[PDB]
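Since the structure comes first, as structure tokens, the remarks are kept for the end.
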Amino acid sequence: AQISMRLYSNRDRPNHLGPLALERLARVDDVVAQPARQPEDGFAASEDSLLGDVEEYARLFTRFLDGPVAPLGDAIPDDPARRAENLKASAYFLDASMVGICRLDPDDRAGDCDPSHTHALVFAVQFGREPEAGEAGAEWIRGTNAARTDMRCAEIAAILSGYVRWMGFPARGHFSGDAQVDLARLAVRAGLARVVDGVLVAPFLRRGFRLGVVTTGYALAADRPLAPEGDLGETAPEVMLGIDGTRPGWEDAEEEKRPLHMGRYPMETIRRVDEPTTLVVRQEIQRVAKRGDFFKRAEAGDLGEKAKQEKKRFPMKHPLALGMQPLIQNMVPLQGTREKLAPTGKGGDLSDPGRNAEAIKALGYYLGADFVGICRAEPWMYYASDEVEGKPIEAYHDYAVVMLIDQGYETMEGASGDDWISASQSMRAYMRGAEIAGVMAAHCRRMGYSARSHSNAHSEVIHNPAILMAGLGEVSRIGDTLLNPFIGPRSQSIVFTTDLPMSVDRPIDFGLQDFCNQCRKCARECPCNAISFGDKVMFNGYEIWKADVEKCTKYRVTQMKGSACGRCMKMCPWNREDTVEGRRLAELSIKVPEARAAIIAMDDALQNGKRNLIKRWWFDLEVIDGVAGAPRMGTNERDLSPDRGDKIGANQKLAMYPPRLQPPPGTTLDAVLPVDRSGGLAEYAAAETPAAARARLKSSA
Ligand code: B12
Ligand code: SF4
Ligand code: SF4
Ligand code: NA
């Protein structure tokens, strides 16, 4: 039994308070400043180590600590208290461990800092868990924590400073690698740390931490420093049990009992199988032109004029997403190599693939992944041709390292799924995963093993079969999304392929096929009816619930009451809170088939998927012509929808686009292939049932 979960829900807790119970700490109005440095590692990092890679990505993010400042619109809220809450929530959303605000005095902006800056958003990121000595990959990680954590701080400072700049206010990010103000001094004044023997000590962050700061003239309500002496209250019973929905005081200690390479969720308790729960006929799977990605189809005109127009901006309507974009786009040149590499003898003992897998897994979790799985990168997982030159893509690497980034339950529980924070929920997981995989792929290359990552911005593999084969999800009704037994459908994946030899994981079986046969919630709640209410079909050689990717693409690119859409992730019953009750309801789903229908039905009865306005922390801002304003057309504020009735699965008719109905390999964005919807509808009426496939396959056995 895993006992580290929260006993208490955070459903009434606003996001600006964060996962720690900082409001229950002893505070005073001021404290006398005193010299102090940030926590540093206990050991130095060898040439076997990560260090050079996390320093490169910190240097990349440094490029975006300052930037162009948008014109001021008329929709930025005035209240410094609301601004504070929104910015603090923004920082926690990007996984700041601890956040605070303080006023800048003249002494701070007397340096290179812009002198119009009056306020500082201070935030700390806790050191990562490191492998114990003798565990695989320890020497990859030992002594890199300050730079790994500094990278993360530089990332968050870059995004948050750009978010404020896109709202019309000059803002500059600061971290150890590039600061114009005294970080430690502001960490104390903002109430994140105290000083002990000249080193910062923060409550709750027992592992050490590193700092980032965003200074700005954007006026904010300030916080107060910690009581400089004596017990702050960190172990009070309310904090220890986390009654307000916060991190239990025992969770750190319980966590450290598991090996780092196993992750935080108990995937070891999920049944493994040699073949996936759904049928995969490799000899019948054709490789798809990357020009068949319907975003690429929309870009090239295949879906009409409006989809073409909006393809570039649809996920970048919101200033927060616009803060992430420079990082997303400029990480692409660093994704890695396709040519074979000579082993360089760095990295310690790489002769045990079982140990290499553990080290890559430990490496992922250390860098902030939520799941890691390894499978082998089969040639049919690669696109046939790229979309820009049309040239063939090679199956150049042997293995795929697949990592899931949780999109975030609490933010989505306040959102509609298709409102102004949707694309920011995708894009956050997109850049965070691209970061992590860029760093790991780079470290594989340092060890002389070709490695290349595959981002939202540039992938040469299709993630979904790798998510399946790595045992991170099952085929779900949502269609082009796989569902994980602990975080449901609430994930964005990042992959990097490599030649580094690693033991592969096996597919998982947690009963989801039988569960989805009894559930229609995501299908019922989709704004454009893109999800199938019917049975699974055969599609390009594998069994799948085929969603209508044409309808979904047009909705995500074109709908004007939000930025993109991910509502089908919010509505699934497996989208649950990380509480004892939530894990138990998942356990029951997995272990007790006779209870699945009751859980499916009570998820609607208890009105799960209804919006929680406590959690609506973001501003509704649409950028139009480079200026952030109120939304032109409004804001999706959807709640639970009703029953399409008993016969919908027989009457819904969707379009599918297997390779036959796609642009052929070699086609480029320079060509236009209007989507053949009538053929896609007829195609899907004609699809083989998975049952017939198994019969037909059996006769050639
Ligand atoms: C463009 C795109 C979309 C498009 C169109 C996809 C399409 N079919 O053309 C629309 C615009 C449809 C889309 C929608 C969403 N998608 Co999207 N999509 C992409 C993207 C970038 C490319 C798809 C592609 O490469 N070519 C299109 C061709 C290959 O499609 P296809 O032949 O029909 O095959 C699809 C499936 O059959 C599956 N697949 C392919 N081969 C095999 C083999 C087996 C055995 C199985 C089981 C599945 C499988 O993968 C393809 C996904 O489109 C990928 C990122 C990536 N590199 O995979 C994600 C991605 C697949 N989608 C993702 C997500 C999260 C979404 C959304 C929920 C929105 C969001 N919050 O981001 C919705 C969900 C829609 C749904 N009903 O499932 C995630 C899925 C992660 C997961 N948990 O499985 C991905 C992997 C991005 C990521 N990095 O996490 N997006
Ligand atoms: S299938 Fe597409 S349009 Fe429908 S809810 Fe999911 S993301 Fe939104
Ligand atoms: S909403 Fe229901 S049918 Fe859809 S993926 Fe989730 S469990 Fe499966
Ligand atoms: Na739910």
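Quick note on naming: the chains in the structure tokens go A, B, ... in the order shown, residues restart at 1 in each chain, and ligands are numbered from 1 in order of appearance.
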Exercise answer, 9 Å around ligand 3 with only C-alpha atoms and all ligand atoms, as a PyMOL selection string: chain A and resi 475-479+481-483+488-489+512-513+515-525+531+533+568-575+600
Restricting it to N, CA and C atoms, dump the selection as a JSON list (two decimals), in the first residue's frame.
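Saved file result-v5.json follows:
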```json
[["chain", "number", "residue", "atom", "x", "y", "z"],
["A", 475, "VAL", "N", -5.03, 2.15, -25.20],
["A", 475, "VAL", "CA", -5.94, 2.79, -26.14],
["A", 475, "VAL", "C", -7.21, 3.19, -25.41],
["A", 476, "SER", "N", -7.65, 4.43, -25.60],
["A", 476, "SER", "CA", -8.84, 4.94, -24.96],
["A", 476, "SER", "C", -9.83, 5.41, -26.03],
["A", 477, "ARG", "N", -11.06, 5.71, -25.59],
["A", 477, "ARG", "CA", -12.08, 6.15, -26.52],
["A", 477, "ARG", "C", -11.77, 7.52, -27.10],
["A", 478, "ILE", "N", -11.08, 8.37, -26.35],
["A", 478, "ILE", "CA", -10.74, 9.71, -26.84],
["A", 478, "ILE", "C", -10.14, 9.63, -28.23],
["A", 479, "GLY", "N", -9.41, 8.56, -28.52],
["A", 479, "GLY", "CA", -9.06, 8.28, -29.89],
["A", 479, "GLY", "C", -7.59, 8.39, -30.21],
["A", 481, "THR", "N", -5.57, 9.80, -28.16],
["A", 481, "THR", "CA", -4.97, 9.95, -26.84],
["A", 481, "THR", "C", -4.98, 8.60, -26.14],
["A", 482, "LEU", "N", -3.86, 8.26, -25.53],
["A", 482, "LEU", "CA", -3.77, 7.07, -24.69],
["A", 482, "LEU", "C", -3.97, 7.45, -23.23],
["A", 483, "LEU", "N", -4.51, 6.52, -22.46],
["A", 483, "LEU", "CA", -4.97, 6.80, -21.11],
["A", 483, "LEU", "C", -4.11, 6.02, -20.13],
["A", 488, "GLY", "N", -4.86, 9.41, -15.80],
["A", 488, "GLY", "CA", -5.91, 9.37, -16.79],
["A", 488, "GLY", "C", -5.42, 9.77, -18.16],
["A", 489, "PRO", "N", -6.20, 10.58, -18.87],
["A", 489, "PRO", "CA", -5.78, 11.12, -20.17],
["A", 489, "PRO", "C", -5.01, 12.43, -20.08],
["A", 512, "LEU", "N", -8.71, -1.10, -19.09],
["A", 512, "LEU", "CA", -9.32, 0.08, -19.68],
["A", 512, "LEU", "C", -10.21, -0.25, -20.87],
["A", 513, "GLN", "N", -9.91, -1.31, -21.61],
["A", 513, "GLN", "CA", -10.76, -1.66, -22.75],
["A", 513, "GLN", "C", -12.19, -1.90, -22.29],
["A", 515, "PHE", "N", -13.48, -0.89, -19.57],
["A", 515, "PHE", "CA", -13.99, 0.34, -18.97],
["A", 515, "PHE", "C", -14.53, 1.29, -20.03],
["A", 516, "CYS", "N", -13.77, 1.50, -21.11],
["A", 516, "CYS", "CA", -14.23, 2.44, -22.13],
["A", 516, "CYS", "C", -15.44, 1.91, -22.89],
["A", 517, "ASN", "N", -15.61, 0.59, -22.99],
["A", 517, "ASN", "CA", -16.81, 0.06, -23.63],
["A", 517, "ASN", "C", -18.08, 0.46, -22.88],
["A", 518, "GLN", "N", -17.96, 0.85, -21.61],
["A", 518, "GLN", "CA", -19.10, 1.20, -20.78],
["A", 518, "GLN", "C", -19.20, 2.69, -20.52],
["A", 519, "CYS", "N", -18.37, 3.50, -21.16],
["A", 519, "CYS", "CA", -18.28, 4.92, -20.87],
["A", 519, "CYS", "C", -18.42, 5.69, -22.17],
["A", 520, "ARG", "N", -19.10, 6.84, -22.10],
["A", 520, "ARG", "CA", -19.22, 7.72, -23.26],
["A", 520, "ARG", "C", -18.96, 9.17, -22.89],
["A", 521, "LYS", "N", -18.39, 9.44, -21.71],
["A", 521, "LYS", "CA", -18.37, 10.80, -21.18],
["A", 521, "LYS", "C", -17.61, 11.74, -22.10],
["A", 522, "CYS", "N", -16.38, 11.37, -22.48],
["A", 522, "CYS", "CA", -15.59, 12.22, -23.36],
["A", 522, "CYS", "C", -16.31, 12.46, -24.68],
["A", 523, "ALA", "N", -16.89, 11.40, -25.26],
["A", 523, "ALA", "CA", -17.65, 11.56, -26.49],
["A", 523, "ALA", "C", -18.81, 12.51, -26.30],
["A", 524, "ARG", "N", -19.50, 12.41, -25.16],
["A", 524, "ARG", "CA", -20.65, 13.26, -24.91],
["A", 524, "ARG", "C", -20.25, 14.71, -24.72],
["A", 525, "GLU", "N", -19.06, 14.97, -24.21],
["A", 525, "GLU", "CA", -18.66, 16.33, -23.85],
["A", 525, "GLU", "C", -17.83, 17.02, -24.91],
["A", 531, "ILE", "N", -15.39, 12.52, -31.08],
["A", 531, "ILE", "CA", -15.04, 11.26, -30.45],
["A", 531, "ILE", "C", -16.12, 10.23, -30.77],
["A", 533, "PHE", "N", -18.76, 7.34, -30.47],
["A", 533, "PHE", "CA", -19.65, 6.67, -29.54],
["A", 533, "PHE", "C", -19.75, 5.17, -29.80],
["A", 568, "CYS", "N", -11.79, 16.92, -23.68],
["A", 568, "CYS", "CA", -11.90, 15.47, -23.55],
["A", 568, "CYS", "C", -10.96, 14.90, -22.49],
["A", 569, "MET", "N", -9.79, 15.52, -22.29],
["A", 569, "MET", "CA", -8.94, 15.25, -21.12],
["A", 569, "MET", "C", -9.57, 15.61, -19.78],
["A", 570, "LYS", "N", -10.33, 16.70, -19.71],
["A", 570, "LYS", "CA", -10.92, 17.10, -18.43],
["A", 570, "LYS", "C", -12.08, 16.18, -18.04],
["A", 571, "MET", "N", -12.83, 15.69, -19.03],
["A", 571, "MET", "CA", -14.12, 15.06, -18.74],
["A", 571, "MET", "C", -14.02, 13.60, -18.36],
["A", 572, "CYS", "N", -12.89, 12.96, -18.62],
["A", 572, "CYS", "CA", -12.78, 11.53, -18.37],
["A", 572, "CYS", "C", -12.84, 11.23, -16.87],
["A", 573, "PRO", "N", -13.53, 10.15, -16.47],
["A", 573, "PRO", "CA", -13.56, 9.80, -15.04],
["A", 573, "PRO", "C", -12.19, 9.53, -14.45],
["A", 574, "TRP", "N", -11.24, 9.07, -15.26],
["A", 574, "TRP", "CA", -9.88, 8.84, -14.81],
["A", 574, "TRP", "C", -9.13, 10.14, -14.51],
["A", 575, "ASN", "N", -9.65, 11.28, -14.94],
["A", 575, "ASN", "CA", -9.08, 12.56, -14.56],
["A", 575, "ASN", "C", -9.49, 12.83, -13.11],
["A", 600, "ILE", "N", -18.56, 4.76, -13.47],
["A", 600, "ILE", "CA", -18.87, 5.56, -14.65],
["A", 600, "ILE", "C", -20.12, 6.40, -14.41]]
```
Grab me every residue within 7 Å of ligand 1, counting only C-alpha atoms and all ligand atoms, and send it over as a compact mmCIF listing (two decimals) with N, CA, C and O atoms, in the first residue's frame.
```txt
# COMPACT_ATOMS: atom_id res chain seq x y z
N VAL A 280 -2.41 -5.08 -32.78
CA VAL A 280 -1.41 -4.38 -33.58
C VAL A 280 -0.87 -5.35 -34.62
O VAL A 280 -0.24 -6.36 -34.28
N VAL A 288 3.27 7.11 -42.51
CA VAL A 288 2.48 8.26 -42.93
C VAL A 288 3.42 9.41 -43.26
O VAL A 288 4.41 9.64 -42.55
N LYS A 290 4.65 12.98 -42.96
CA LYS A 290 4.51 13.98 -41.90
C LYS A 290 3.61 15.12 -42.35
O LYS A 290 3.02 15.81 -41.52
N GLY A 292 0.86 14.62 -43.42
CA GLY A 292 -0.47 14.15 -43.11
C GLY A 292 -0.96 14.50 -41.72
O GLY A 292 -2.16 14.38 -41.44
N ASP A 293 -0.04 14.86 -40.82
CA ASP A 293 -0.39 15.56 -39.59
C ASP A 293 -1.43 16.63 -39.90
O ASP A 293 -1.18 17.53 -40.70
N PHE A 294 -2.64 16.53 -39.31
CA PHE A 294 -3.62 17.51 -39.79
C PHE A 294 -3.30 18.95 -39.43
O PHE A 294 -3.91 19.84 -40.01
N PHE A 295 -2.40 19.22 -38.47
CA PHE A 295 -1.96 20.60 -38.35
C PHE A 295 -1.22 21.02 -39.60
O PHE A 295 -1.47 22.10 -40.16
N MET A 381 6.99 3.36 -36.53
CA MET A 381 6.68 4.50 -35.68
C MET A 381 7.20 5.81 -36.25
O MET A 381 6.80 6.88 -35.78
N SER A 426 -1.46 22.75 -22.70
CA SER A 426 -0.70 21.93 -23.64
C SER A 426 0.73 22.44 -23.76
O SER A 426 1.69 21.67 -23.61
N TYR A 430 4.34 20.79 -23.29
CA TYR A 430 5.16 20.72 -24.50
C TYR A 430 6.58 21.26 -24.26
O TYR A 430 7.56 20.57 -24.55
N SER A 455 9.66 16.87 -30.35
CA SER A 455 8.84 17.84 -29.65
C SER A 455 7.52 18.06 -30.37
O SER A 455 7.24 17.49 -31.43
N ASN A 456 6.68 18.91 -29.77
CA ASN A 456 5.51 19.40 -30.49
C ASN A 456 5.93 20.12 -31.76
O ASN A 456 5.25 20.02 -32.79
N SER A 459 8.85 16.59 -34.53
CA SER A 459 8.94 15.17 -34.26
C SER A 459 9.10 14.43 -35.58
O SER A 459 8.51 14.81 -36.59
N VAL A 461 8.91 10.87 -35.15
CA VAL A 461 8.14 9.69 -34.79
C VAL A 461 6.75 10.12 -34.36
O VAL A 461 6.50 11.27 -33.99
N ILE A 462 5.82 9.17 -34.42
CA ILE A 462 4.48 9.35 -33.88
C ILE A 462 4.48 8.83 -32.45
O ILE A 462 4.82 7.66 -32.21
N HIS A 463 4.09 9.68 -31.51
CA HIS A 463 4.27 9.33 -30.10
C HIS A 463 3.36 8.19 -29.67
O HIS A 463 3.78 7.32 -28.89
N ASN A 464 2.12 8.16 -30.16
CA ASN A 464 1.11 7.25 -29.61
C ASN A 464 1.55 5.79 -29.58
O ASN A 464 1.47 5.18 -28.50
N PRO A 465 2.03 5.18 -30.67
CA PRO A 465 2.48 3.78 -30.56
C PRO A 465 3.62 3.60 -29.58
O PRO A 465 3.73 2.55 -28.94
N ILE A 467 3.92 5.42 -26.82
CA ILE A 467 3.30 5.46 -25.50
C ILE A 467 2.71 4.09 -25.18
O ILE A 467 2.83 3.59 -24.05
N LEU A 468 2.09 3.45 -26.17
CA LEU A 468 1.52 2.13 -25.96
C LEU A 468 2.61 1.11 -25.66
O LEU A 468 2.57 0.43 -24.62
N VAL A 475 -5.03 2.15 -25.20
CA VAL A 475 -5.94 2.79 -26.14
C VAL A 475 -7.21 3.19 -25.41
O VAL A 475 -7.79 2.39 -24.66
N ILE A 478 -11.08 8.37 -26.35
CA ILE A 478 -10.74 9.71 -26.84
C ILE A 478 -10.14 9.63 -28.23
O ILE A 478 -10.34 10.52 -29.06
N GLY A 479 -9.41 8.56 -28.52
CA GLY A 479 -9.06 8.28 -29.89
C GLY A 479 -7.59 8.39 -30.21
O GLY A 479 -6.89 7.37 -30.33
N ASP A 480 -7.11 9.61 -30.39
CA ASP A 480 -5.70 9.87 -30.59
C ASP A 480 -4.99 10.20 -29.29
O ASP A 480 -3.92 10.83 -29.30
N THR A 481 -5.57 9.80 -28.16
CA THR A 481 -4.97 9.95 -26.84
C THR A 481 -4.98 8.60 -26.14
O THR A 481 -5.99 7.89 -26.16
N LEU A 482 -3.86 8.26 -25.53
CA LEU A 482 -3.77 7.07 -24.69
C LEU A 482 -3.97 7.45 -23.23
O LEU A 482 -3.66 8.57 -22.82
N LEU A 483 -4.51 6.52 -22.46
CA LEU A 483 -4.97 6.80 -21.11
C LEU A 483 -4.11 6.02 -20.13
O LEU A 483 -3.91 4.82 -20.29
N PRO A 489 -6.20 10.58 -18.87
CA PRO A 489 -5.78 11.12 -20.17
C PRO A 489 -5.01 12.43 -20.08
O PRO A 489 -4.83 13.08 -21.11
N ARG A 490 -4.55 12.82 -18.90
CA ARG A 490 -4.14 14.19 -18.61
C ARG A 490 -2.64 14.37 -18.82
O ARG A 490 -1.90 14.77 -17.93
N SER A 491 -2.18 14.06 -20.02
CA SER A 491 -0.74 14.05 -20.23
C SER A 491 -0.40 14.55 -21.62
O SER A 491 -1.16 14.37 -22.57
N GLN A 492 0.77 15.18 -21.71
CA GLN A 492 1.44 15.42 -22.97
C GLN A 492 2.74 14.65 -22.93
O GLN A 492 3.45 14.68 -21.91
N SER A 493 3.05 13.93 -24.00
CA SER A 493 4.21 13.07 -24.04
C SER A 493 5.37 13.78 -24.73
O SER A 493 5.17 14.64 -25.59
N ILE A 494 6.58 13.42 -24.33
CA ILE A 494 7.78 13.78 -25.06
C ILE A 494 8.57 12.50 -25.30
O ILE A 494 8.63 11.63 -24.42
N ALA A 530 -16.39 14.89 -32.03
CA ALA A 530 -15.30 14.27 -32.78
C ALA A 530 -14.96 12.88 -32.28
O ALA A 530 -14.32 12.12 -33.01
N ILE A 531 -15.39 12.52 -31.08
CA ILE A 531 -15.04 11.26 -30.45
C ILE A 531 -16.12 10.23 -30.77
O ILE A 531 -17.31 10.55 -30.79
N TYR A 542 -4.14 -1.42 -37.15
CA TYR A 542 -4.25 -1.59 -35.71
C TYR A 542 -5.65 -1.23 -35.26
O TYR A 542 -6.39 -0.51 -35.94
N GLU A 543 -6.02 -1.74 -34.09
CA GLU A 543 -7.33 -1.53 -33.50
C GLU A 543 -7.32 -0.24 -32.70
O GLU A 543 -6.38 0.03 -31.94
N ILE A 544 -8.36 0.58 -32.87
CA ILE A 544 -8.37 1.93 -32.33
C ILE A 544 -9.82 2.36 -32.22
O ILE A 544 -10.68 1.88 -32.96
N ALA A 547 -11.28 8.75 -33.59
CA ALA A 547 -11.92 10.05 -33.54
C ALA A 547 -11.86 10.71 -34.91
O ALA A 547 -11.09 10.32 -35.79
N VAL A 549 -10.51 13.35 -36.72
CA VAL A 549 -9.44 14.33 -36.61
C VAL A 549 -9.70 15.58 -37.45
O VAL A 549 -9.11 16.63 -37.19
N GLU A 550 -10.56 15.50 -38.48
CA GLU A 550 -10.91 16.70 -39.22
C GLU A 550 -11.73 17.65 -38.37
O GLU A 550 -11.41 18.84 -38.26
N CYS A 552 -12.04 17.70 -35.08
CA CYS A 552 -11.27 18.17 -33.93
C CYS A 552 -10.26 19.23 -34.33
O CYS A 552 -10.11 20.24 -33.64
N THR A 553 -9.52 19.00 -35.42
CA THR A 553 -8.60 20.02 -35.90
C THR A 553 -9.32 21.33 -36.13
O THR A 553 -8.82 22.39 -35.73
N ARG A 556 -10.13 22.99 -32.76
CA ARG A 556 -8.99 23.49 -32.00
C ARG A 556 -8.34 24.70 -32.67
O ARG A 556 -7.91 25.64 -31.99
N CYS A 565 -8.19 23.44 -27.53
CA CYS A 565 -9.17 22.68 -26.77
C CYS A 565 -8.53 21.39 -26.27
O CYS A 565 -7.70 20.79 -26.95
N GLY A 566 -8.93 20.97 -25.07
CA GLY A 566 -8.50 19.72 -24.49
C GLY A 566 -9.56 19.19 -23.55
O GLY A 566 -9.27 18.48 -22.58
N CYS A 568 -11.79 16.92 -23.68
CA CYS A 568 -11.90 15.47 -23.55
C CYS A 568 -10.96 14.90 -22.49
O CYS A 568 -11.30 13.90 -21.83
N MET A 569 -9.79 15.52 -22.29
CA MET A 569 -8.94 15.25 -21.12
C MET A 569 -9.57 15.61 -19.78
O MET A 569 -9.33 14.91 -18.79
N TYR A 657 -9.02 8.98 -41.84
CA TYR A 657 -8.06 9.31 -42.89
C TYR A 657 -6.83 8.43 -42.74
O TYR A 657 -5.75 8.89 -42.37
N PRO A 658 -6.96 7.14 -43.04
CA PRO A 658 -5.79 6.27 -43.10
C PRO A 658 -4.93 6.67 -44.28
O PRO A 658 -5.38 7.45 -45.13
N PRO A 659 -3.68 6.19 -44.35
CA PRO A 659 -2.75 6.65 -45.40
C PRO A 659 -3.38 6.80 -46.78
O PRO A 659 -3.09 7.77 -47.49
```
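All residues of segment 288-421 of chain A that DSSP, run on the backbone, classes as strand (DSSP E or B) are residues 336, 371, 372, 373, 374, 375, 376, 382, 385, 392, 399, 400, 401, 402, 403, 404, 405 and 406 of chain A.
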Those same residues, written as a PDB file, in the first residue's frame with C-alpha atoms?
```pdb
ATOM      1  CA  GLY A 336      19.939  16.109 -31.655  1.00  0.00           C
ATOM      2  CA  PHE A 371       6.482   8.926 -16.094  1.00  0.00           C
ATOM      3  CA  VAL A 372       9.295   7.284 -18.042  1.00  0.00           C
ATOM      4  CA  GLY A 373       9.039   4.234 -20.251  1.00  0.00           C
ATOM      5  CA  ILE A 374      11.333   2.685 -22.801  1.00  0.00           C
ATOM      6  CA  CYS A 375      10.392   0.791 -25.856  1.00  0.00           C
ATOM      7  CA  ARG A 376      12.103  -0.011 -29.048  1.00  0.00           C
ATOM      8  CA  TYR A 382       8.623   6.961 -37.872  1.00  0.00           C
ATOM      9  CA  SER A 385       8.702  11.618 -45.296  1.00  0.00           C
ATOM     10  CA  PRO A 392      12.329  10.062 -46.697  1.00  0.00           C
ATOM     11  CA  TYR A 399      15.063   2.861 -28.887  1.00  0.00           C
ATOM     12  CA  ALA A 400      12.395   5.360 -27.864  1.00  0.00           C
ATOM     13  CA  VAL A 401      12.448   6.933 -24.411  1.00  0.00           C
ATOM     14  CA  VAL A 402       8.872   8.056 -23.722  1.00  0.00           C
ATOM     15  CA  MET A 403       8.033  10.475 -20.903  1.00  0.00           C
ATOM     16  CA  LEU A 404       4.665  11.833 -19.779  1.00  0.00           C
ATOM     17  CA  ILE A 405       4.183  15.346 -18.391  1.00  0.00           C
ATOM     18  CA  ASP A 406       0.996  15.791 -16.381  1.00  0.00           C
TER      19      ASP A 406
END
```
Quote the spacing between atom CA of residue 386 of chain A and atom CA of residue 666 of chain A in Å to one decimal place.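 Pair atom CA of residue 386 of chain A / atom CA of residue 666 of chain A returns 7.2 Å.
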Near-residue 502 of chain A list (8 Å; only C-alpha atoms; drop same-chain fewer than 2 positions) as an MDAnalysis selection string: chainID A and resid 352:357 374 399 500 504
Given the selection you just returned, output its residues as a file containing N, CA, C and O atoms, formatted as a CSV table (one decimal), in the first residue's frame.
```csv
chain,number,residue,atom,x,y,z
A,352,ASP,N,25.3,-2.9,-18.9
A,352,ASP,CA,24.1,-3.5,-18.5
A,352,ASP,C,22.9,-2.7,-19.0
A,352,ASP,O,22.6,-1.7,-18.4
A,353,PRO,N,22.2,-3.2,-20.0
A,353,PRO,CA,21.0,-2.4,-20.5
A,353,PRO,C,20.0,-2.3,-19.4
A,353,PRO,O,19.3,-1.3,-19.4
A,354,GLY,N,19.8,-3.3,-18.5
A,354,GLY,CA,18.9,-3.1,-17.4
A,354,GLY,C,19.3,-1.9,-16.5
A,354,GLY,O,18.4,-1.2,-16.1
A,355,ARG,N,20.6,-1.7,-16.3
A,355,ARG,CA,21.0,-0.6,-15.5
A,355,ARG,C,20.8,0.7,-16.3
A,355,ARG,O,20.5,1.8,-15.7
A,356,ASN,N,21.1,0.7,-17.6
A,356,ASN,CA,20.9,1.9,-18.4
A,356,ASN,C,19.5,2.4,-18.4
A,356,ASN,O,19.2,3.6,-18.2
A,357,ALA,N,18.5,1.4,-18.5
A,357,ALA,CA,17.1,1.8,-18.4
A,357,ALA,C,16.8,2.5,-17.1
A,357,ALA,O,16.1,3.5,-17.0
A,374,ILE,N,10.4,2.9,-21.7
A,374,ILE,CA,11.3,2.7,-22.8
A,374,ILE,C,10.8,1.6,-23.7
A,374,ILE,O,10.3,0.5,-23.2
A,399,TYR,N,15.9,2.8,-30.1
A,399,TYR,CA,15.1,2.9,-28.9
A,399,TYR,C,14.3,4.2,-28.8
A,399,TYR,O,14.8,5.2,-29.3
A,500,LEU,N,21.4,4.2,-27.4
A,500,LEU,CA,21.9,3.7,-26.1
A,500,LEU,C,21.1,2.4,-25.7
A,500,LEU,O,19.9,2.4,-25.7
A,504,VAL,N,13.8,-2.8,-22.5
A,504,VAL,CA,12.5,-2.2,-22.8
A,504,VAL,C,11.5,-2.6,-21.9
A,504,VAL,O,11.5,-3.7,-21.3
```
Quick one: residues within 12 Å of residue 34 of chain A, only C-alpha atoms, excluding same-chain residues fewer than 4 positions away - as a PyMOL selection string? chain A and resi 182+184-189+193-200+228
